[PDB]
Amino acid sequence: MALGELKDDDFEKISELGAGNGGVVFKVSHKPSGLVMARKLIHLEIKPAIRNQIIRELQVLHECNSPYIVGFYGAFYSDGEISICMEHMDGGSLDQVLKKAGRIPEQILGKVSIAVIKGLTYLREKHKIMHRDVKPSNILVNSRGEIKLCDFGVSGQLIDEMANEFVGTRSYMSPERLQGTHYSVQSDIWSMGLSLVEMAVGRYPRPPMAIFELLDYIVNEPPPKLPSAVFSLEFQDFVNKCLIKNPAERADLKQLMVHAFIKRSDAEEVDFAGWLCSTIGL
């Protein structure tokens, strides 16, 4: 196998990259191969049986091979922290980009949609894996201008171990999913639409309100919409098609891949790498 032998003593911290909903992430050096990697440590609290299942289930990431999916190097258990080892991405996430930029322009977001559309299609068509948490911080970028999906739900047990410590991003869930319905394919698309709006407008796009009020608001009130003057009608339409509340009527990936917004975005020359430097200074 490419590495086979992954162990704690061989990595070497280059920096903390930050903390999320259950894991902490570092840029590391992998001494024995010279590979640069991101490494996410997740503390849990579980029987060596469960722990080792999780590590077995994660091995399926070795078979994810796509330019739109962050690359997998290995996963192992150590010092009560499970390790996911992945391609490092020197841009961080669109959520870090957004904080930096204020607001991410419609054209760059066209590039983002294409990558995301294609990321999900890959996962679903090759591996039958749903993402389950599409949101700006689970979308990564690098100086080579690339845009990739991470933190998707490969492991049914890890989802499980993560669900009864967190049902984390409640605010990004689809109305059907807040209602208790099982995860649809149609949920990733909702969450995508909502992420583009958020990056387009530069803020979580819902009236400010207390969290439990938010969850009723989402099931009960209409979906968000782009400000209808500053954004092209293609983009607005795109977004609205992702955000139909009724999952039977929401657009799917086959239909979004041929949308006027995507066609148009596809033909533009957007120097995203360059913009990333302009904006995040590498």
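Heads up: residue numbers just count along the shown sequence, starting at 1.
If you average the C-alpha B-factors over 44-52 and over 249-257, the higher value belongs to 44-52. Across the two stretches, 123-131 and 164-172, the PDB entry reports the greater mean Cα temperature factor for 164-172. The residue among 38, 239, 69, 229 whose C-alpha carries the highest B-factor in the deposited model is 229. Taking only the listed residues 180, 207, 136, 105, the entry reports the highest CA temperature factor at 180. Among all modelled residues in its chain, residue 60 ranks in the lowest third by Cα B-factor. Among all modelled residues in this chain, the alpha-carbon of residue 190 has a temperature factor (C-alpha) in the lowest third.
Residue 73: CA B factor in the middle third of modelled residues in this chain (values from the PDB entry). Among the modelled residues of its chain, residue 143 has a C-alpha B-factor that falls in the middle third, as given in the PDB entry. Residue 113: CA B factor lies in the lowest third for its chain, per the PDB record.
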